[PDB]
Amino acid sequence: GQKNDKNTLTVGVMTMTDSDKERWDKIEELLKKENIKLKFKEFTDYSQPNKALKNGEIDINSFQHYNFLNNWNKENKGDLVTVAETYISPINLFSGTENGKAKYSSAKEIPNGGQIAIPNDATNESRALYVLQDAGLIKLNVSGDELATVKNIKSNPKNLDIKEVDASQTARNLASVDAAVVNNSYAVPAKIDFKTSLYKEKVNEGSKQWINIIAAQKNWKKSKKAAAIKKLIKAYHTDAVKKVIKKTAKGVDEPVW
């Protein structure tokens, strides 16, 4: 059956944006030459694909950054591994909206006692708190690779309430809160207007932790899928695919190969 078919790979992804479709189209097209067939399982929530991969419902996934992976392994006693890097996806603080329009043109306009929604998984929660500091809204007593929670807020001059919600729910909150940090995987399908960005995460040598990856089981190299996974990586790391991602996700996803 499929799990023991050397020429089929089942890939776990989030609900596909148009740019996701186009890039996986090109990968598929390139993999015909190798007689590999791709199948996709789409997930709606970040807690799902690593569970599905451990359970062997999928052969690899392509949805997360290194941090999320390491953290997920820890919370779950998992042993999933990184097989390759894909793109980085600098995250934004987006203005809350009223009848669809931005309430604020810059972070400094966020009112005293206002509310900001962020992801509630350790690594994206922390990522978002670092963006708030960069946007000039808060100060943290922790720096660099060190994880942050609300407990690390040592300055909050506008007395903002930080509402920790699921990464999948930050977008939905924008109509109810003053601003939210929203992963692009969610921001694009929610059809958020990116003019409402009040701050875009910066990319430096310290951003390797937010590089997205393809993940597999620890023993994938001894599995029926080893050859197909290697071929998939070669197909992903082409100019053809790099061009597709840059064209269709310029400023959203940036290939790192």
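Residue numbers here begin at 1 and follow the sequence given.
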(request) Decide which of the stretches 152 to 160 and 82 to 90 has the higher mean C-alpha B-factor, going by the entry. (result) 152 to 160
(request) Select between 26 to 34 and 193 to 201 the stretch whose C-alpha atoms have the higher average B-factor in the entry. (result) 26 to 34
(request) From the list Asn141, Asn184, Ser95, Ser168, select the residue with the highest C-alpha B factor recorded in the entry. (result) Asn141
(message) Using the temperature factors of the C-alpha atoms in this entry, rank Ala180 within its chain: lowest, middle or highest third.
(response) lowest
(request) Could you tell me which third, lowest, middle or highest, the C-alpha B-factor of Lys230 occupies within its chain? (result) middle
(message) Is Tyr130 in the lowest, middle or highest third of its chain when residues are ranked by C-alpha B-factor?
(response) middle
(request) Compare the C-alpha B factor of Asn73 with those of the other modelled residues in its chain, then answer lowest, middle or highest third. (result) highest
(request) Divide the modelled residues of the chain into thirds by Cα B-factor and specify which third, lowest, middle or highest, holds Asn99. (result) highest
